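Next up: a single chain in structure tokens, the form deposited in one PDB entry.
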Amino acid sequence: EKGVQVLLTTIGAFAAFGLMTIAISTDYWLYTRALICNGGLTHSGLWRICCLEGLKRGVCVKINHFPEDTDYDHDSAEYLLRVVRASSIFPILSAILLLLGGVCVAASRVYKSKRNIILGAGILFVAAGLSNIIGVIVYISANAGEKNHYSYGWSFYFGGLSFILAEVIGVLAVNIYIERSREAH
């Protein structure tokens, strides 16, 4: 309450925007073994795997997502998963929606008469969550194959907070639109 509810919204969007962009471009998502090392430890990511021990240490190389196999351009479902996983459009989309939503909120402190601007931002913050939780199901389902052991890093959890924060600021932005409308009716 007290009218600082907007400040929490725009603060959350900016942090939730950073915690997603930083998560994408940091490649400390997974911790596993893949035989590229010489398998050996890795701290992989959305784009590039990177060995951690052995002679190859501190050297990071792009992940293929298309090793030579008959399934390439053959399995409709498997290929489509690999297209979206390679592009990572869904996590990338999530950061875009938070950016637009934060702009709309900041563009609602000015043009303070309008209320439907805030409704857009609240929807974008909500739609960011759906893209985010889609962007992790794809990543998890893609990593699986066919008793190896893996672990999840801290860039993974950075994407997790961006879901929680985005869903919170969707609630507050709606509550703002509710409160604003009642004052106007």
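Rigid core: the largest C-alpha set superposing within 1.5 Å between the two forms. Note that residue numbering begins at 1 and tracks the sequence as displayed.
This next part talks about the form deposited in another entry, which is not shown.
Is the C-alpha displacement of residue 71 equal to or greater than 2 Å between this form and the one not shown once the rigid core has been superposed?
Residue 71 C-alpha, core-superposed: shift of 2 Å or more.
Since the CA distance of residue 72 and residue 87 differs by 3 Å or more in the other form, is it closer or farther than in the form displayed?
Result: farther.
Do residue 49 and residue 70 move together or apart in the other form, judged by C-alpha distance changing 3 Å or more?
Closer is correct, given that in the other form the C-alpha spacing of residue 49 to residue 70 is reduced by at least 3 Å.
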